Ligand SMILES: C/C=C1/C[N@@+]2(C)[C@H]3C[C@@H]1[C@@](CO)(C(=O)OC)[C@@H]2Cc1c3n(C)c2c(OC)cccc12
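Let's start with one chain on its own, the form solved without ligand 85O, as structure tokens.
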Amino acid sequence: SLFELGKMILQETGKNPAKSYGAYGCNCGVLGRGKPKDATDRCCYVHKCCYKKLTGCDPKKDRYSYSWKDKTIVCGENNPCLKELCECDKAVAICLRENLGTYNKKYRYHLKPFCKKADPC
């Protein structure tokens, strides 16, 4: 759920999840997908596609387990969906961190500035 994801983003990026990625580009946020603005945006794009493939579990509300031992996200055993959900979030937190170098605050928004269509995931 948003609790795991959010905590992961914070752990990987050190940034406030909602503040830097709640509304960022075309894919970081609660507004669906769009043509990636930049490497941070592309991370969220893939994240949303990662969710799409999921089957059965609610990526927004299903709470799952994961360890933060040695400051690396270790997805808990869980079940297939939950494990896959966790990996989706882990993956985006990491990607987000790895792309902090090009993170551009200018892509942060109040209301998504209209975005180009996003490749069918």
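Residues that one form lacks are left out of the comparison. Start at 1 and count along the sequence shown; that's the residue number. In this text, rigid core is short for the largest set of C-alphas that superpose within 1.5 Å between two forms.
- The deposited model assigns a higher average Cα B-factor to 51-59 than to the other stretch when 51-59 and 38-46 are compared.
- The question of which stretch, 109-117 or 6-14, has the higher mean Cα B factor is settled in favour of 109-117.
- Going by the entry's values, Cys81 shows the largest Cα B-factor out of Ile73, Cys81, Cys28, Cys95.
- Among the modelled residues of its chain, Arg33 has a C-alpha B-factor that falls in the highest third according to the deposited record.
Keep in mind that the form solved in complex with ligand 85O is missing from the display, and what follows is about it.
- Site check by superimposition: ligand 85O, modelled from its position in the deposited complex, clashes with the backbone and C-beta atoms of this form, with 3 or more atoms inside 2.4 Å, and the site reads as blocked.
- By the 4.5 Å heavy atom rule, the three marked residues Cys26, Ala39 and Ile94 all fail to count as contacting ligand 85O in the deposited complex.
- For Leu2, a non-hydrogen atom is located within 4.5 Å of ligand 85O in the deposited complex, even though that partner is not displayed.
- Ligand 85O in the deposited complex is approached by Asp58, whose closest heavy atom lies within 4.5 angstroms of it.
- Under a 4.5 angstroms non-hydrogen atom cutoff, ligand 85O in the deposited complex has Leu54 among its neighbouring residues.
- With a 4.5 Å cutoff on heavy atoms, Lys48 counts as touching ligand 85O in the deposited complex.
- For the stretch 65-87, the set of residues having any non-hydrogen atom within 4.5 angstroms of ligand 85O in the deposited complex comprises only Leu85.
- After superposition on the rigid core, the Cα of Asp58 moves by 2 Å or more between the shown form and the other one.
- In a rigid-core overlay of the protein, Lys112 has its C-alpha displaced by at least 2 Å between the shown form and the other one.
- Relative to this form, the distance between the C-alpha atoms of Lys37 and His110 is reduced by at least 3 angstroms in the deposited complex.
- Between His110 and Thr102, the Cα spacing is smaller in the deposited complex than in the shown form, differing by no less than 3 Å.
- In sequence order, 55-61, 110-114 are the runs of at least 3 residues present in both forms whose Cα atoms shift by 2 Å or more between the shown form and the other one once the core is superposed.
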